[PDB]
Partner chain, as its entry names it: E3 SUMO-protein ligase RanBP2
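Shown next as structure tokens: one chain only, the form solved without its partner chain.
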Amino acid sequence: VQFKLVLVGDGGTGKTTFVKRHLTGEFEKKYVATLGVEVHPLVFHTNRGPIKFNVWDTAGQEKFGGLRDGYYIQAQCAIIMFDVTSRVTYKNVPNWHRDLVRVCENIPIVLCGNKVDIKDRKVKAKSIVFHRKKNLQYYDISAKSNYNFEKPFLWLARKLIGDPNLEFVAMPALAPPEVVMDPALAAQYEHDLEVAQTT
């Protein structure tokens, strides 16, 4: 049985494109009229059994202001997203985290910089600092290529289940990649995060 996960971040960062990679979750999503939300059931399969994240994706209302308390309430974990091609979206991460922690004081949170498939990257590893003092794990992701798609969910499942060595035994069916994540760029970016972390 299951965990509410709230996916937040500026409009246009790729939240909806990311949750939709999980094809069953997209097929089985439940639209909640009263709340302005689609709830996608993303089941994943660990070496210890299944875990279900019910991922709350907005219906775009973040473009007009903050989300209502009912969106965040009873969340057990979260993903904050920004877009590595837009510094302003990164600049706004602290405010999203504040809103989230205001309603859900002690939950595990992953920070994700999306669209790392785009060659002209504006927010690089050296610049991504917010997660350090706040105890968040960070990953680069590219929703459109499934790059690192399972990373945030695996880190969350380890935190939520209380098993640091949990692994996924099989991947969910994901929408086939719509863009190629350049494998060279992926390897440099993962190492660049490791370097920034040691600096």
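Shifts are known only where both forms have a C-alpha. Under this definition, the rigid core comprises the largest set of C-alpha atoms superposing within 1.5 Å between the forms. Positions refer to the first chain, counted from 1.
Below: the form deposited with its partner chain bound, not depicted.
- Its partner chain is not drawn, but in the bound PDB entry it has a heavy atom within 4.5 Å of residue 24.
- After superposition on the rigid core, the C-alpha displacement between this form and the one not shown reaches 2 Å or more for just one residue among 67, 39, 136, 160, namely 67.
- The Cα shift for residue 172 between this form and the one not shown, taken after rigid core superposition, is 2 angstroms or larger.
- Taking 2 Å as the criterion, residue 181 counts as shifted between this form and the one not shown: its C-alpha moves by at least this amount when the rigid core is aligned.
- The Cα position of residue 17 differs by less than 2 Å between this form and the one not shown after fitting on the rigid core.
- Figure legend: C-alpha atoms of residue 60 and residue 129, shown here, are separated by at least 3 angstroms less in the bound PDB entry.
- If you compare C-alpha positions, residue 92 and residue 189 are 3 angstroms or more farther apart in the bound PDB entry than in the form on display.
- Taking the core as fixed, the parts between this form and the one not shown where three or more residues in a row have CA shifts of 2 Å or more are 22-36, 59-67, 170-199.
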